[PDB]
Amino acid sequence: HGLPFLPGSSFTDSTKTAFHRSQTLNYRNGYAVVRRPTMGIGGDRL
Amino acid sequence: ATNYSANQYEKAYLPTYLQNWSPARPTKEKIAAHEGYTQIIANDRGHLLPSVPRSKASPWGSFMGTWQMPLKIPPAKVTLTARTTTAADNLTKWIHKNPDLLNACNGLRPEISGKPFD
Amino acid sequence: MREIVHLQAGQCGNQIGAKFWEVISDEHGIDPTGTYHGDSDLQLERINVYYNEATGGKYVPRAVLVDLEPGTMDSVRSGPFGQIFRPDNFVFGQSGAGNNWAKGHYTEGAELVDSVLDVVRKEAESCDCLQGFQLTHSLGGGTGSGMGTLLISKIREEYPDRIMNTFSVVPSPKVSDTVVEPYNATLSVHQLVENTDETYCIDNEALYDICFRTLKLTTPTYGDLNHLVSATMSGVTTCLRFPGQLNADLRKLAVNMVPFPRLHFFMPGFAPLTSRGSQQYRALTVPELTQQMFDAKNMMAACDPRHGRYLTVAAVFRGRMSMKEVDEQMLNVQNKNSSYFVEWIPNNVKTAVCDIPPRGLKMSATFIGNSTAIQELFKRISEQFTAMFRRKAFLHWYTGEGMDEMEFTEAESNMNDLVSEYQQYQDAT
Amino acid sequence: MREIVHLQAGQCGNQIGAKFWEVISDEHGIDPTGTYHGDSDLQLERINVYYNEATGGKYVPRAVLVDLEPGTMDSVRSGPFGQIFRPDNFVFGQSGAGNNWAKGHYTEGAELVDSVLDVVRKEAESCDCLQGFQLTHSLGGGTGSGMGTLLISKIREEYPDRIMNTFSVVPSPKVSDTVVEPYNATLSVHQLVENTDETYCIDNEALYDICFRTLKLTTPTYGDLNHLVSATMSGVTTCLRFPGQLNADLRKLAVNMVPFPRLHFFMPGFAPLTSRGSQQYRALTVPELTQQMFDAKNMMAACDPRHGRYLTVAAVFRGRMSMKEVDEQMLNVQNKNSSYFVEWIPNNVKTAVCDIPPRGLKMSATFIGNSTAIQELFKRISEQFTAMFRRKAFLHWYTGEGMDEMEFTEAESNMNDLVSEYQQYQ
Amino acid sequence: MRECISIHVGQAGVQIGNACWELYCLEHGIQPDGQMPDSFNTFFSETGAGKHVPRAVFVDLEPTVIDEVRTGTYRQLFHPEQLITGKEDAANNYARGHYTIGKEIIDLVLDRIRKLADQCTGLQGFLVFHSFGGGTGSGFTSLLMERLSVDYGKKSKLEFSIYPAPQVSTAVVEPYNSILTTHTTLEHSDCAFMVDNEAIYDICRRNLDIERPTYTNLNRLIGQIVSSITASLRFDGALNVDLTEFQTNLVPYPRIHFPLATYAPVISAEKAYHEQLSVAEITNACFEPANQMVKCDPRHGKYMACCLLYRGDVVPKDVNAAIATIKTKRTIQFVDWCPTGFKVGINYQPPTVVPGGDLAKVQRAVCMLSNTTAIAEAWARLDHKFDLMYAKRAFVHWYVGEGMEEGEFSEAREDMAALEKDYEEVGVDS
Amino acid sequence: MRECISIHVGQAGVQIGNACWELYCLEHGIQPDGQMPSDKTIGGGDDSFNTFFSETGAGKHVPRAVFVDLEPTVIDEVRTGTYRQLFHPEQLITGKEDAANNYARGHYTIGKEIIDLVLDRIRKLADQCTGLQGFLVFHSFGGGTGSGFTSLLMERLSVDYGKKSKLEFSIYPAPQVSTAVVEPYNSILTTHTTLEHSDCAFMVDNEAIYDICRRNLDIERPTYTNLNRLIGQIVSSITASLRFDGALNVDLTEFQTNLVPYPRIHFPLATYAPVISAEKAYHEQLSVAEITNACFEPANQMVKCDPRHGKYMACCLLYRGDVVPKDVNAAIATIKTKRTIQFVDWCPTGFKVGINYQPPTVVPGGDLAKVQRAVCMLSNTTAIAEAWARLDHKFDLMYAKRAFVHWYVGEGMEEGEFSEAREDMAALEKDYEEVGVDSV
Amino acid sequence: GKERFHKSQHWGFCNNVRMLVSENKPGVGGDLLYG
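As summarised from the PDB record, the model derives from cryo-EM at a stated resolution of 7.7 Å.

Next comes the structure, spelled out in structure tokens:
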């Protein structure tokens, strides 16, 4: 909280083991269906 | 039957878009118009009339089985570029001498694109 | 004072009618038993356009339900709003139609048309100044097409000055729900072209495509496709029911729409339809109704208007809006897109503005287009009809009830001449 | 009023174009959700250049994220700023390109060009006065270079007098991240010659030569190399968004750069980057932004201007500095070192002063320079095309889509002309 | 209202009507003593004593098949005159079953149908279950359909039949019967769905893992096709289909009324675990020749019409999308003169599992009734085996000597020799 | 999306398939009975498995594989093993009598008997994929059904499926050791008839993988279980840009366009660098440039031919773990400066890089170390022109006296196909020669 | 109903006239508003 999004002000979490993508884009019966992401990369709670 | 075209909505009914990863039946993009009264080409109980020109093809549809399929089936893709003329000629003759494979219902729809090096 | 009588035929007409009457009852605050439970006083002023008053403050609809067997009206009665329909307005027979236009028109439907005419004459001689009749039906079955066109002919021989208005579920191009559709479709189009004042064309592939790419329903049902049809059904008759700044009834829409008497088949669309969770990405203003009424992937008709030329266009608006914005956009689209608009008509769009938006929305709009790119429907039906008819494909079923052989001939010549009439007014200078 | 509609293509475009919306959003005070939480009124006064309005007081970018297989946009959606994009803007196919140009240009891209040009046509006509587009893409790939040239080709025929920029990532001189690079990059510079208004060249070793030599990053990811691309995508477009003692939009830098219309390949830079322990050692004045715009080792293009002649020069400044001191140094570097400046233009340098610095910084500075030392980027791709092409190397992967052999001949020869078109002025 | 009168003729008619009626009692609430512990009116009719009695007539010429019904579990359900028996059977003979023995019993079945037609208000039509191979299923049944036409008129006369199998058969003299009954019902019948016992043997062996099945494993599968034809007269649906809807959409010509039958999601309860059974998976498997119910292959002929009867938890777009994939394949090829092709019907009540049954408990189902030109081999192979024995006058003395002139062998072979040309020319182009 | 249909054929293909599919179950969350441990999220949490695993309604994942054989004794411990509940039973096709090291029995007589049964099963798995990248083929040239029926699998794939991408892994026969006697007749006749029908073809041979398990790992006496474990760590690294998050993505289409320049030349060779033992990773730092150099090392190669004898036509590097995109560059630039590697004249670009974030997986009770970075490589070399010369050597040897030719002539096959499929290969020996000449 | 869907015959003929012959009959198994 309170740091600007400049290169160098961003910390990488080295403890993260899960990198899977949630399927927000799918096809159902030939139509493209967009689902809102409930979960981030690795299952992180958005 | 004939496939047709939902004019706005042909993209959901594209054959690869319905999970059918093989060769498929093409569709009619443009519908031709006609007017008047249509002649009854066939008499009662489904006989074709005598003087109506019947097609040369078989009545039962040409499905090529396994023991009916030709030995040494030609490839589906054959681009002739970066080839010698005699080798490309042998490939085209291989494609040519099997007219029964290329004409079936479940037949091989090949590709001959390009010109070999002379 | 401007009553509208409803006629539902076939199982398609019965299910569409049940959903439509549920929509109107929601709009006017009539509960599933018949008593008014509304909020405003505008809901109760012109309720007589649809609802007859009984003793004790009950409002019974002005609808006639017709079928050739009661297997659908069991299902209509067992629904939520099955208790509001009068028991005597149900007409049924003992034997079905069997997807046969001849049994719908001559053999079975002739013994039932007298009872239906008795009921509709009793409802029509109770209106103070009746405006006309609606028929909702399907061009694939036997009760809907055959008996429905028999009713249309016998209504328009007796009440020949009122308005006749049909919502027709014409056949779909990809998948046909009956092998023997195009016989019935040809033999019904040949009757509609003489005996209706307006006919809106509805296709189920178009309804599926709207409920998948725009409303984004994962599993739509017929109970949603009927909601789309009913929501554009009760938007062309709002100015008879609610106030506004520029009213327009069905006569005024017909007058400003059809320039020649044989050319009265229309393509509908409905503006503020928007997705489930994409409500926070879209504003709700008049340009955002215009760019979605006129979008060619919004028509309920499966014919592209970019193949042809808009003869006329109508837009019916609901809500409190600005006349400068409304007229500005209906001029602006015409000037920006000028190969899909004919030139011998200099302005093509008729605009009406009503006051009360639908219960839940801020604005709404409905579009009714008359184009010379609706002839692809008739050319495709003509080609499938000649393909089966030249070989006597299913012809014994039709011939065995006294049908002639010249009737298919005269129907296909009539539809082909109508096709040539459209193409003449497309190619006119 | 002067709107810019953004485009991004491929796995290079969707990695450049994801950080660029994380550097503009914090520049204007926009949360991960999308709402405005700013501490001034200049952060909201001219925000319509990039951000569409949504409902409820919420702002959405005009990004058209394009790809040929959506794997590399699932990672973009799961980041810290993945919910700000409208999900209808995502364009994606089923099977990709395989780093093949023709499959991206003729075969698979052409089945996906009509769905893209619905999206841009829905946004280019929802602007009050559109100024021009952008494109972030890489020439080495298959869908960056492949259909990303079909996009510029099929929108120059629909909006033919607006602005079309490209931030290219043209290939590299030492290590090549695709074998079939010289077929793609020769066939795509040939498209960009007659189809762009501007185009900036970016090599990825020149980005490596900053973060090791200058920024002193021991482990620089492509996060900190996309962050250098997006810190000069905003310098060129600042005077639009923020007030100035002297202004310069995109057109004015285009007017004052190109003397002839075939010569529109530039080389960027960015001045006030500094090392780790040397921030407390730094002097903070104006002539130490002129040292690092113009220092011949920190261009983003891996082409030293010591071999060449500066045809024109740009300079964009961010801060509240003095108009005597800005103009003094442009007199200074032109009149010490005057063997690197052409002779038939007597003042090559265009200047511009925005007022609102990047957050945490007291000043900043951006550069664009048009050189005859950039034709050597086009010589090197030629001999690695025509070595590879005279023995017919990979050509069956390309001609097997139906191409011609003489189409390779002109894209060689059109690029041979611009090599000798630039080479008059040296 | 919307009633149906089943008629079961022969041992292959009675033993199918023990597995059809076990389902209908159980699909509604009816116990096997008639008591329910109002959709049953299409098949049941309430007495004033609370006791539901079915609308059916069982006919046989031999007492050893119906006396199992009169002693078994369902002995209180059936009215004692709804089960008719003779004393001597027809003994694989067309002549005995048509002229000498069948005539002493034809005038008593039409007494029973006349009472069961006087209680139905709106009667849809009759249903016939018989076997071509037997003596009473082929001789007496061709005497019912002649006398039904003049007495009832234009009422619908559907029929189900056990067509002879290509290799296996019970009897020797089965090709004399299978020709002599096709000739004499060809003008008197509306639609004839056909299964044969050999192709259902190859489904219970392959789809279910029942090696060595029995007729009771076959009578239960046929009862799940009859249940899905009349499924829209009883349970609420979204697209109804009557019994009148089938003749008009599958009989393009009055001499061509032989469709086939397919019921798609027949699986075992160890494979319903493993696979999803969506609408497209079961639509695609109706058109598959491994799952047909006659050993004739539709790929070697042209389709003429189709009729899809969906049932369960189905949605209109998954019906519309799955059909349009069938219309794109090059292996489903249609005839020149049929450009529309299909009929659809959607019901809501999912299929009912029988205790002791074989199929799994499933949630969607499709029954397809398709008319094909590929049946032309089925008459041309049977025409060989009539011709092969009759060319040197074999078994004929068992037919001449009982009330039958000898000239009915030459005319019933002349007449069906027009039917082979009749199938041939309707698939020929223009 | 991104689905891949694995086709395993032969006893070699089945026993490699048992190695790979144990790796894929552990790599995602799948148990040996199909289920995950319960997903404990809202709805479907992770859908990464869709390239290899489908999903039913109930929460059971069934692989997209077909296991083919002609002897019943190999699949009957797949059917009654630990993983007997994972596989849908109809995916595992057995014959009744095997091909018996005959190409001719496996091509014309027994292979044609069984071809149409398994091309009905690959339709059903290819109509479940919304986007199919391409098949995979796992065979060995030596056996009957690994050479004969496998070569006819590719031919009827080309008719039905067109230009769909049909990769294949293979076990090329070893130079010194050999299982069988009749392997040159098999191996020549199948490289002749898959030549215009196959898209790409990676090769390893078992003798080279013997040289790594004994030497680099500290496992004396490696059984085929230890060789099949390493093959699964190459197939996983080819397909981990399809399932896990990457910095640079590579599909299964970018290998044919980047290692196959010419139509007759589709033969790249696999290599996998940090295959190391748990006593000797306590001492070694495994950087990004420390494992790049060890794909070019002739000891750590995975075929028994030295790349130094030939010219590198292209490369394809697959980096997997905790790497930097800058130290990938910092090692490739070094490799080009050595004169002990030699790129072919007409390839001045060379390379194809791929960077993936998910580190390689530890199998419980396996061989390798828990390593944090790794490199896979598929490189195409002119140094394979010495491999057919040791196969023209052992075909013309037993063919000039016509040994074993009666076992193929009476087995449904004419005899002129012998004296043309070695003449067909005779052009390929000079065809590898002219791309070995510099453009003077 | 939601498991059973029986349709009870409400309309019909008696004394050769059209009538609502039920007048005390269920819906789809459950009662109407007449209970």
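To continue, consider the overall build of chain G. Counting secondary structure elements, chain G contains zero helices and two strands. By principal-axis analysis of the C-alpha atoms, chain G measures approximately 35 × 20 × 10 Å.

Right, let's talk about the overall build of chain C for a bit. Secondary structure assignment for chain C yields 14 helices and 13 strands. Relative to the globule expectation of 22 Å for 429 residues, the C-alpha radius of gyration of chain C, 21 Å, shows essentially globular dimensions. Along the longest, intermediate and shortest principal axes, the C-alpha atoms of chain C span 60 × 60 × 45 Å. Partitioning the intrachain contacts of chain C with sequence separation of at least 6 by distance along the chain shows that 89% fall at a separation of at least 24.

Before going further, it helps to spend a moment on the sheet that holds strand β1 (residues 3-9) of chain E. Residue and element names in this part refer to chain E. Spatial ordering of the open sheet is given by β5-β4-β1-β6-β7-β8, a layout of six strands whose pairing is parallel. Two strands bound the open sheet, and with one partner strand each, they are β5 (83-84) and β8 (191-195). Bridge analysis of β1 against strand β4 (residues 56-59) gives four bridges, and the strand direction is parallel. Across the sheet, residue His8 finds its bridge partner in β4, namely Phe58.

Here the focus is the arrangement of the chains. When the 10 pairs of chains in contact are ranked by number of contacts, first place goes to chains C and E. Chain D shows no contact with chain E. Their nearest C-alpha atoms sit 19 Å apart. You won't find any contact between chain E and chain F; their C-alpha atoms come no closer than 5 Å.

One non-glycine residue, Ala82 of chain B, lies in positive phi territory at about 55°. Among the structural elements, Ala82 of chain B can be located in the segment before α1 (85-96). The residue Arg221 of chain F is not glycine, and still its phi comes out positive at about 50°. Here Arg221 of chain F is to be found in the loop between α7 (206-213) and α8 (224-238).

It is worth spelling out the sheet that holds strand β6 (residues 163-164) of chain D at this point. Residue and element names in this part refer to chain D. What the four strands build is an open sheet, ordered β4-β1-β5-β6; its pairing is parallel. Of all strands in the sheet, those bounded by a partner on one side alone are β4 (63-66) and β6. Two strands pair when backbone bridges link them, and strand β5 (residues 130-133) and β6 are joined in this way by two bridges, in the parallel orientation. Bridging from a neighbouring strand, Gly132 pairs with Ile163 of β6.

Residue and element names in this part refer to chain C. This chain's UniProt record puts "binding site: GTP" on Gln11, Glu69, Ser138, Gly142, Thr143, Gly144, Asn204 and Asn226. A maximum C-alpha distance of 24.3 Å among these annotated residues, which run over 216 residues, shows that they spread across the structure rather than meeting at one spot. Note that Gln11 resides in helix α1 (residues 10-28). As for its position among the elements, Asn204 is in helix α7 (residues 204-213).

All names here are of chain A. The pairing of strand β1 (residues 25-28) with strand β2 (residues 31-34) spans four bridges and is antiparallel. If you follow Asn26 over to β2, its bridge partner there is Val33. With antiparallel pairing between neighbouring strands as the criterion, β1 and β2 make up a hairpin whose turn holds two residues, including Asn29 at a positive phi of roughly 50°.

All names here are of chain E. Relative to strand β13 (residues 344-347), strand β9 (residues 237-239) runs antiparallel, the two being bridged by two bridges. Bridge assignment links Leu239 to a residue of β13, and that residue is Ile346. In this sheet, β13 lies alongside strand β12 (residues 308-312) in parallel orientation, the contact comprising four bridges. Across the sheet, the residue bridging to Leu308 is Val344, located in β13.

It is worth spelling out the domain arrangement of chain C at this point. All names here are of chain C. Partitioning chain C into structural domains gives domain 1 (3-257), domain 2 (265-374) and domain 3 (375-425). Computed over C-alpha atoms, the centres of domain 1 and domain 2 are 24 Å apart. Taken together, the elements giving at least two residues each to the side of domain 1 that touches domain 2 come down to β8 (198-202) and β9 (244-246). Sorting elements by how many residues they give to the side of domain 1 that touches domain 2 places β8 first, with four residues. A breakdown of the residues in the side of domain 1 that touches domain 2 according to their chemical character gives six nonpolar, five polar and one charged.

What follows deals with the interface of chain B and chain C. Between chain B and chain C, the residue contacts involve 10 residues of the former and eight residues of the latter. Here the side of chain B that touches chain C is composed, by residue class, of four nonpolar, five polar and one charged.

Residues and elements named next belong to chain C. With respect to the helices, strands and loops of the structure, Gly29 is situated in the loop between α1 and β2 (51-53). Along the backbone, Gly29 and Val229 are 200 residues apart, and their C-alpha atoms lie at a distance of 20 Å. With residues up to four places along the chain from it excluded, the contact list for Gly29 reads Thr35, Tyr36, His37 and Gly38.

Right, let's get into the environment of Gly102 of chain E. Residues and elements named next belong to chain E. By the secondary structure assignment, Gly102 is in the loop between α4 (94-100) and α5 (103-116). In this structure, the C-alpha to C-alpha distance between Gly102 and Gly401, residues 299 residues apart in sequence, is 16 Å. Not counting chain neighbours up to four residues away, the residues in contact with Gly102 comprise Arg96 and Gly97.

What counts as what
- As presented, residues are numbered from 1 along each chain according to the written sequence, a scheme that may differ from that of the entry, and residues lacking coordinates are left out.
- Labels are handed out in written order, letters beginning with A for the chains and numbers beginning with 1 for the ligands.
- Each value listed describes the chains present in this view, a part of a larger assembly.
- Hydrogens are left out, water is left out, and the side-chain values use all remaining heavy atoms of the structure.
- Residues with missing side-chain atoms are left out of burial classes, side-chain pairs and their counts.
- Each helix is a run of H or I in the DSSP string that is no shorter than four residues. Each strand is a run of E no shorter than two, and both are numbered from the N terminus.
- Throughout, the radius of gyration refers to the C-alpha atoms, and the reference size of a globule is 2.2 Å times the residue count to the power 0.38.
- Whether two residues touch is decided by their heavy atoms; if any such pair falls within 4.5 Å, the residues are in contact.
- Two strands pair if DSSP finds at least two bridges between them.
- UniProt positions are given in the numbering used here, feature names are shortened, and annotations may be inferred rather than shown by experiment.
- Where a domain begins and ends is set by an automatic assignment or by a domain database.
- Each residue receives one of three labels: charged for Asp, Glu, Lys and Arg, nonpolar for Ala, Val, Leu, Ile, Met, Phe, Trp, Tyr, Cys and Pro, and polar for the others, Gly being one of them.

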